[PDB]
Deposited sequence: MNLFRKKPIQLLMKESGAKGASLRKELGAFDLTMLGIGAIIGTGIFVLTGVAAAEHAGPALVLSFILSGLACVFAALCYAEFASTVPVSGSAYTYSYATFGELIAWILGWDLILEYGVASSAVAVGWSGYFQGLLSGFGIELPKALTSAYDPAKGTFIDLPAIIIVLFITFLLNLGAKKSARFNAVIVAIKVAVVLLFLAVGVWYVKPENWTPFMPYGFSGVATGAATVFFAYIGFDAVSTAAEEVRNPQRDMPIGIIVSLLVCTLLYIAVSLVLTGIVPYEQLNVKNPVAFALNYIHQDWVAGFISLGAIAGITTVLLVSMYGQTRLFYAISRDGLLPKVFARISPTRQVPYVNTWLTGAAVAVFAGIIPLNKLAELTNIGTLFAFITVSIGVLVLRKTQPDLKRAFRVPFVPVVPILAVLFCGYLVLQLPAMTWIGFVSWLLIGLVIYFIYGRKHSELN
């Protein structure tokens, strides 16, 4: 940690308390688990499982989910202790600002500004696949159905439309309902269980026999791909102002949501590859494709509808997590403060959701899903590594702190989170480093020409 102006935890309580003073707190460990599951299950399991099975691991994609799941478990425990120690309405940016400080907080924040954005484009691309697949059986123009390659398509229009629709939704700001959230999440969980219950009757173990055709090398490169599917448990700390006793219900919501998805993910990979041979799984809607391939067409409509109504929740959470990140970074002074009128004569701090949304809408319509997922994955992995180290830093500096939940084993588990994650980063392409490093160099320039012009310069 270089050039550290740590934010005092007392100051984070005052901001999370002033913003959440009018809000009614009544959420529990179940509502927070719905907030986690509703932000995890999406394009990663519904779409990326097909490409990862076909071209990375094969039937051994279950080991890819176990290795990738193990990395997220160790990292989720670190996020949990931060949510238990710093129970503020903030994520890895607010945690790094209190443990490392300014420079590390800005790099991670600048890293997350992109990670939430590229993931928003990635979630919408997979959403466009299931929406188009559900329509056929109809089809739009052939030139407006995917990214721009050498033969076929120009722009992904459905992915563009759903982004501008969620941008229109977040602009209105309909008061989110805790009961409405549990319904949409249960739709997602039931159709995943519906696939597993129906699909188990059609599993031929012959489709498992070439278990590791690409070897463990392909198991590892697939683990970095479906690592995308586990992201979302960090969104539990969003409603930190609306929880009675956040010190213990937020760690519960984080871990319980992740472990539930891990079991469902391990189950889907085994059934999906057991039904369809892995070579035929490279398709935009593998779960709906698996039900069609095996003559269960009527159920493939249910799963396609639950995916349409379920993936659209991950997109709402992702773009909000990016919008709220602009609100917090500019509040800390590291970005220019924008303002707009909320009443005819009362102006408030403003973040242009139509510009951040239009930027997401562009990339969702021209970039293929495998690239957006990989670029999202390098951003999430570095943010995961920083938090896993920050726990050990917060253990050494400020040890006598209130920790309702604390990581099981003091050094071993956070170190394992770092090694597991850092091993996954090595299995990503080198071109993913191009857009990621050059993005950090742009932010590193911003910090040394404007970052030291903030609410903590003095």
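Would you list the gaps, meaning deposited-sequence stretches without C-alpha coordinates, in the order they occur? That part of the chain that was deposited but carries no coordinates is 138-140, and nothing else.
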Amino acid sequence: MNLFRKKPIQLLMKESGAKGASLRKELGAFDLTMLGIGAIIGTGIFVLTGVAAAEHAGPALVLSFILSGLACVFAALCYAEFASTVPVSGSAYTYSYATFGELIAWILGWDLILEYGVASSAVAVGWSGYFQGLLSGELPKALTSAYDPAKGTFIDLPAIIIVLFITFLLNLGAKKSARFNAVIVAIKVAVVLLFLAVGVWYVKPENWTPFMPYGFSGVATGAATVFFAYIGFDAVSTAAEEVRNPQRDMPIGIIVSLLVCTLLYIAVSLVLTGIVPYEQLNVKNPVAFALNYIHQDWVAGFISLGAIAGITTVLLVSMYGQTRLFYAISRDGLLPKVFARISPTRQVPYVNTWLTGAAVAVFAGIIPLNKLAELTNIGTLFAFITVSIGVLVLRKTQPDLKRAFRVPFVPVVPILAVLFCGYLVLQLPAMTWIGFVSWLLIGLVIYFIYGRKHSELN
From here on, numbers count along this sequence of modelled residues.
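Of the two stretches 388-396 and 22-30, which shows the higher Cα B-factor on average in the entry? Result of the comparison: 22-30.
Identify the stretch, either 233-241 or 116-124, whose C-alpha atoms have the larger mean B-factor according to the entry. Here the higher of the two C-alpha B-factor means belongs to 233-241.
Which of these, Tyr93, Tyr265, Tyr79, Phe100, has its C-alpha atom at the highest B-factor, as the entry lists it? That would be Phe100, according to the entry.
From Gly253, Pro286, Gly274, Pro336, which pick has the Cα B-factor that tops the rest in the entry? Comparing C-alpha B-factors across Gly253, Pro286, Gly274, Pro336, the maximum falls on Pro336.
State the tercile, meaning the lowest, middle or highest third, of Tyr147 with respect to the CA B-factors recorded for its chain. Highest third.
Within-chain third of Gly310 by Cα B-factor, per the entry: Its C-alpha B-factor belongs to the lowest third of this chain's values.
Looking at the entry's B-factor column for C-alpha atoms only, identify whether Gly218 ranks in the lowest, middle or highest third of its chain. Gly218: CA B-factor falls in the lowest third of its chain.
Chain-wide C-alpha B factor ranking for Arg346, given as lowest, middle or highest third: Highest third - that is where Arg346 ends up once the chain's C-alpha B-factors are sorted.
Classify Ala53 as lowest, middle or highest third according to the C-alpha B-factor given in the PDB entry, relative to its own chain. For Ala53, whose C-alpha B-factor we compare with every modelled residue in the chain, the answer is the lowest third.
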